[PDB]
Amino acid sequence: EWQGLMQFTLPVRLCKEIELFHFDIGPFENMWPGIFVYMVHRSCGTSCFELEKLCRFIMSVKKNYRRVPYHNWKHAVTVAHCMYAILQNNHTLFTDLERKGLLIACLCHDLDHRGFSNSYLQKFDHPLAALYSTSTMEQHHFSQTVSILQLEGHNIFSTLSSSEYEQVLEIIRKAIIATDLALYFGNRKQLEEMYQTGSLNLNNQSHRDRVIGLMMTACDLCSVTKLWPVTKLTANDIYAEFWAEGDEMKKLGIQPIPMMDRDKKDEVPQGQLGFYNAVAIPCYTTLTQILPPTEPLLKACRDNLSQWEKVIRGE
Ligand SMILES: COc1cn(-c2ccc(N3CCOC3=O)cc2F)nc(-c2ccnn2-c2ccccc2)c1=O
Ligand SMILES: [Mg+2]
Ligand SMILES: [Zn+2]
């Protein structure tokens, strides 16, 4: 499998499109692993990883995303591509180690996702929630990332100094934990206050950590920043997964919250309008304030918000 990946060349017709924030990987399934190699090569250089190890690694990552409706291999590559666009548009800001780490973190950030929220696992005392009390799935995702790195022939970071290795692993760990949306609200609030008071300082590692955290949220949510027909279809996948979780609760006779209740699907457009206003807009707004070149994400997010309004108003 990984051998043919090494041979892959991205078709020229996509070399410019892939650079756009709103690029949709959807029509190109067979190319997804090749697209990740492409993005790594443009962003970190072709000398960054031993090609063979990189290819084994990517195919093992792919193998460890499950066949769930949303948190799947497609989602992984979509999030990685958004991070590619951020990094490419902010060429001076991030170190080589950060760029490598963040691309890998994005590809790995939902590894072995089961289609269940942290809340669900915690409610029912799943072994994963007994192991990881908070940010439950996110600690599992990082754990899975480390397990793949430690497979024979998969250590893409083998040629880093011992110190650079622990550094990148921490970058990756913080970045994946940051994708727990419960942590986003506090992070964005801290960042906003630091901005408005002019105390945000990118020489400060804890500030850098917070910015990266916000970048991770922005990439994770980036389905809301695609062209409307793409965003609309992705909303279908998201609720399919939400509703499957609710179905699991109904199997114990338990009524789930309305977001997870397929009998409540008439509320979806209002649910989206709420989510965009409460979560997505503030996210891309703060991101754009800190990193002005990411503005196309906010613009695209606003466009989709006005689409949901039209749906609600029956236009
Ligand atoms: C109501 O519509 C939506 C609600 N959520 C949502 C999800 C989790 C939490 N959680 C988990 C822990 O703490 C939280 O607050 C709160 C949320 F609002 N996400 C999306 C969305 C749009 C794009 N990606 N995702 C997405 C993000 C994560 C998981 C699934 C989907 C969405 O469209
Ligand atoms: Mg996740
Ligand atoms: Zn995700």
# chains A, B, ... in the order shown; residues from 1 in each chain; ligands from 1
>>> residues_near_ligand(ligand="ligand 1", cutoff="7 Å", atoms="only C-alpha atoms and all ligand atoms", output="number ranges by chain")
A: 117-118, 180-182, 220-224, 235, 238, 259, 271-272, 275
>>> residues_near_ligand(ligand="ligand 2", cutoff="9 Å", atoms="only C-alpha atoms and all ligand atoms", output="ChimeraX atom specification")
/A:71,109-111,113,117,137-138,141,176-177,179-181,220
>>> residues_around(residues="residue A:304", least_positions_apart="4", cutoff="12 Å", atoms="only C-alpha atoms", output="mmCIF file with C-alpha atoms, in the first residue's frame")
data_model
loop_
_atom_site.group_PDB
_atom_site.id
_atom_site.type_symbol
_atom_site.label_atom_id
_atom_site.label_comp_id
_atom_site.auth_asym_id
_atom_site.auth_seq_id
_atom_site.Cartn_x
_atom_site.Cartn_y
_atom_site.Cartn_z
ATOM 1 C CA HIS A 22 -11.888 26.665 0.880
ATOM 2 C CA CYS A 222 -13.123 24.157 8.978
ATOM 3 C CA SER A 223 -16.054 22.298 7.382
ATOM 4 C CA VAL A 224 -17.940 25.521 8.207
ATOM 5 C CA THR A 225 -15.576 27.458 5.917
ATOM 6 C CA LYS A 226 -16.164 25.574 2.653
ATOM 7 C CA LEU A 227 -18.465 26.508 -0.230
ATOM 8 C CA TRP A 228 -22.121 26.058 0.797
ATOM 9 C CA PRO A 229 -22.834 22.742 -1.024
ATOM 10 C CA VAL A 230 -19.750 21.194 0.643
ATOM 11 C CA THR A 231 -20.549 22.624 4.106
ATOM 12 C CA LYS A 232 -24.195 21.533 3.839
ATOM 13 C CA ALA A 235 -23.413 18.989 8.313
ATOM 14 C CA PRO A 269 -30.855 24.924 10.929
ATOM 15 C CA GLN A 272 -26.351 25.580 13.190
ATOM 16 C CA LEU A 273 -27.137 29.291 13.384
ATOM 17 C CA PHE A 275 -23.327 27.136 16.783
ATOM 18 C CA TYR A 276 -21.933 29.584 14.203
ATOM 19 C CA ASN A 277 -22.779 32.558 16.403
ATOM 20 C CA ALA A 280 -17.409 29.376 14.841
ATOM 21 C CA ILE A 281 -17.634 33.133 14.290
ATOM 22 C CA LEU A 297 -11.830 31.473 6.794
ATOM 23 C CA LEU A 298 -13.940 34.098 8.604
ATOM 24 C CA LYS A 299 -15.306 35.395 5.312
ATOM 25 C CA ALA A 300 -16.350 31.859 4.273
ATOM 26 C CA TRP A 308 -28.387 28.866 7.405
ATOM 27 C CA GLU A 309 -30.469 32.021 8.030
ATOM 28 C CA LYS A 310 -32.039 31.652 4.586
ATOM 29 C CA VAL A 311 -32.860 28.013 5.392
#
>>> closest_residue(among="A:187, A:163, A:307, A:144", to="residue A:282", atoms="only C-alpha atoms")
A:187
>>> closest_residue(among="A:26, A:246, A:314, A:115", to="ligand 3", atoms="only C-alpha atoms and all ligand atoms")
A:115
>>> residues_around(residues="residue A:292", least_positions_apart="5", cutoff="10 Å", atoms="only C-alpha atoms", output="ChimeraX atom specification")
/A:89-90,285-287
>>> write_last_selection(atoms="C-alpha atoms", output="compact mmCIF listing (two decimals), in the first residue's frame")
# COMPACT_ATOMS: atom_id res chain seq x y z
CA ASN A 89 -0.06 31.92 4.56
CA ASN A 90 1.99 32.75 7.65
CA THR A 285 -12.68 36.27 14.37
CA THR A 286 -10.02 35.89 17.05
CA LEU A 287 -7.88 33.87 14.64
>>> residues_around(residues="residue A:128", least_positions_apart="2", cutoff="12 Å", atoms="only C-alpha atoms", output="list in words")
residues 112, 113, 114, 116, 117, 118, 119, 120, 121, 122, 123, 124, 125, 126, 130, 131, 132, 133, 134, 135, 136, 137, 138, 139, 140, 141 and 143 of chain A
>>> residues_around(residues="residue A:50", least_positions_apart="2", cutoff="12 Å", atoms="only C-alpha atoms", output="JSON, numbers by chain")
{"A": [6, 37, 40, 41, 45, 46, 47, 48, 52, 53, 54, 55, 56, 57, 153, 154, 155, 156, 157, 158, 159, 160]}
>>> write_last_selection(atoms="C-alpha atoms", output="PDB file, in the first residue's frame")
ATOM      1  CA  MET A   6       5.745   6.934  -2.777  1.00  0.00           C
ATOM      2  CA  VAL A  37       2.566  13.903   1.310  1.00  0.00           C
ATOM      3  CA  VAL A  40       4.233  17.991   3.928  1.00  0.00           C
ATOM      4  CA  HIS A  41       6.723  18.376   1.044  1.00  0.00           C
ATOM      5  CA  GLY A  45      10.557  20.350   2.446  1.00  0.00           C
ATOM      6  CA  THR A  46      11.268  16.947   0.832  1.00  0.00           C
ATOM      7  CA  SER A  47      14.262  16.453   3.182  1.00  0.00           C
ATOM      8  CA  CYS A  48      12.103  16.631   6.308  1.00  0.00           C
ATOM      9  CA  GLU A  52       9.423   5.477   3.091  1.00  0.00           C
ATOM     10  CA  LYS A  53       8.802   5.990   6.846  1.00  0.00           C
ATOM     11  CA  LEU A  54       6.455   8.871   6.056  1.00  0.00           C
ATOM     12  CA  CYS A  55       4.483   6.648   3.649  1.00  0.00           C
ATOM     13  CA  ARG A  56       4.210   3.691   6.090  1.00  0.00           C
ATOM     14  CA  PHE A  57       3.141   6.140   8.796  1.00  0.00           C
ATOM     15  CA  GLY A 153       9.699   1.533  10.295  1.00  0.00           C
ATOM     16  CA  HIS A 154       7.233   4.263  11.283  1.00  0.00           C
ATOM     17  CA  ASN A 155       9.413   6.655  13.310  1.00  0.00           C
ATOM     18  CA  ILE A 156       9.349   9.684  11.020  1.00  0.00           C
ATOM     19  CA  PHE A 157      11.083  11.706  13.760  1.00  0.00           C
ATOM     20  CA  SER A 158      13.988   9.235  14.160  1.00  0.00           C
ATOM     21  CA  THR A 159      16.499  11.738  12.739  1.00  0.00           C
ATOM     22  CA  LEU A 160      15.627  14.465  15.248  1.00  0.00           C
TER      23      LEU A 160
END
>>> closest_residue(among="A:265, A:63, A:100, A:251", to="residue A:168", atoms="only C-alpha atoms")
A:100
>>> residues_around(residues="residue A:169", least_positions_apart="5", cutoff="10 Å", atoms="only C-alpha atoms", output="number ranges by chain")
A: 101, 105, 142, 145-146, 157, 164, 174-175
>>> write_last_selection(atoms="N, CA and C atoms", output="PDB file, in the first residue's frame")
ATOM      1  N   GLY A 101       5.267  19.201  13.308  1.00  0.00           N
ATOM      2  CA  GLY A 101       4.436  18.689  14.383  1.00  0.00           C
ATOM      3  C   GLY A 101       2.961  18.932  14.136  1.00  0.00           C
ATOM      4  N   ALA A 105      -0.022  16.429  13.773  1.00  0.00           N
ATOM      5  CA  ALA A 105      -1.031  16.455  14.822  1.00  0.00           C
ATOM      6  C   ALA A 105      -2.425  16.483  14.197  1.00  0.00           C
ATOM      7  N   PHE A 142      -3.917  11.040  21.050  1.00  0.00           N
ATOM      8  CA  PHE A 142      -2.477  11.198  21.197  1.00  0.00           C
ATOM      9  C   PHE A 142      -1.821   9.861  21.527  1.00  0.00           C
ATOM     10  N   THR A 145      -1.414   8.000  18.467  1.00  0.00           N
ATOM     11  CA  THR A 145      -0.377   8.617  17.644  1.00  0.00           C
ATOM     12  C   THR A 145       1.008   8.074  18.042  1.00  0.00           C
ATOM     13  N   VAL A 146       1.278   8.069  19.349  1.00  0.00           N
ATOM     14  CA  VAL A 146       2.520   7.543  19.905  1.00  0.00           C
ATOM     15  C   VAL A 146       2.704   6.057  19.549  1.00  0.00           C
ATOM     16  N   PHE A 157      10.296  10.737  13.002  1.00  0.00           N
ATOM     17  CA  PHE A 157      11.083  11.706  13.760  1.00  0.00           C
ATOM     18  C   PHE A 157      12.405  11.127  14.257  1.00  0.00           C
ATOM     19  N   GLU A 164      14.895  17.504  20.436  1.00  0.00           N
ATOM     20  CA  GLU A 164      13.931  17.911  19.411  1.00  0.00           C
ATOM     21  C   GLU A 164      12.759  16.933  19.335  1.00  0.00           C
ATOM     22  N   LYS A 174       0.003  18.871  22.984  1.00  0.00           N
ATOM     23  CA  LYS A 174      -0.819  20.047  23.294  1.00  0.00           C
ATOM     24  C   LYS A 174      -1.824  20.346  22.175  1.00  0.00           C
ATOM     25  N   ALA A 175      -1.387  20.180  20.931  1.00  0.00           N
ATOM     26  CA  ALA A 175      -2.231  20.460  19.789  1.00  0.00           C
ATOM     27  C   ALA A 175      -3.461  19.529  19.722  1.00  0.00           C
TER      28      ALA A 175
END
>>> select_by_dssp(residues="stretch 28-269 of chain A", states="helix (DSSP H, G or I)", output="ChimeraX atom specification")
/A:28-44,51-63,73-88,96-108,118-123,127-131,136-149,162-177,181-196,205-220,222-225,228-250,258-260,262-269
>>> closest_residue(among="A:80, A:233, A:283, A:93", to="ligand 3", atoms="only C-alpha atoms and all ligand atoms")
A:80
>>> closest_residue(among="A:190, A:7, A:72, A:167", to="ligand 3", atoms="only C-alpha atoms and all ligand atoms")
A:72
>>> decode(residues="stretch 208-246 of chain A", atoms="C-alpha atoms", output="compact mmCIF listing (two decimals), in the first residue's frame")
# COMPACT_ATOMS: atom_id res chain seq x y z
CA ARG A 208 2.46 30.38 21.35
CA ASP A 209 0.76 27.33 22.86
CA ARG A 210 -2.56 29.22 23.06
CA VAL A 211 -2.31 30.46 19.46
CA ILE A 212 -1.57 26.91 18.21
CA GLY A 213 -4.55 25.73 20.30
CA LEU A 214 -6.81 28.23 18.54
CA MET A 215 -5.34 27.24 15.15
CA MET A 216 -6.21 23.63 15.96
CA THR A 217 -9.85 24.57 16.72
CA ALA A 218 -10.00 26.62 13.53
CA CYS A 219 -8.80 23.64 11.41
CA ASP A 220 -10.96 21.16 13.28
CA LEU A 221 -14.11 23.25 12.57
CA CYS A 222 -13.12 24.16 8.98
CA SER A 223 -16.05 22.30 7.38
CA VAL A 224 -17.94 25.52 8.21
CA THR A 225 -15.58 27.46 5.92
CA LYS A 226 -16.16 25.57 2.65
CA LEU A 227 -18.47 26.51 -0.23
CA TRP A 228 -22.12 26.06 0.80
CA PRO A 229 -22.83 22.74 -1.02
CA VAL A 230 -19.75 21.19 0.64
CA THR A 231 -20.55 22.62 4.11
CA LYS A 232 -24.20 21.53 3.84
CA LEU A 233 -23.25 17.91 3.04
CA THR A 234 -20.71 17.83 5.86
CA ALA A 235 -23.41 18.99 8.31
CA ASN A 236 -25.25 15.79 7.27
CA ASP A 237 -22.26 13.65 8.33
CA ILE A 238 -21.94 15.52 11.67
CA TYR A 239 -25.57 15.00 12.62
CA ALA A 240 -25.48 11.39 11.38
CA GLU A 241 -22.82 10.83 14.01
CA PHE A 242 -24.70 12.93 16.65
CA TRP A 243 -27.90 10.95 15.97
CA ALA A 244 -26.12 7.57 16.12
CA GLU A 245 -24.85 8.54 19.61
CA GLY A 246 -28.43 9.49 20.60
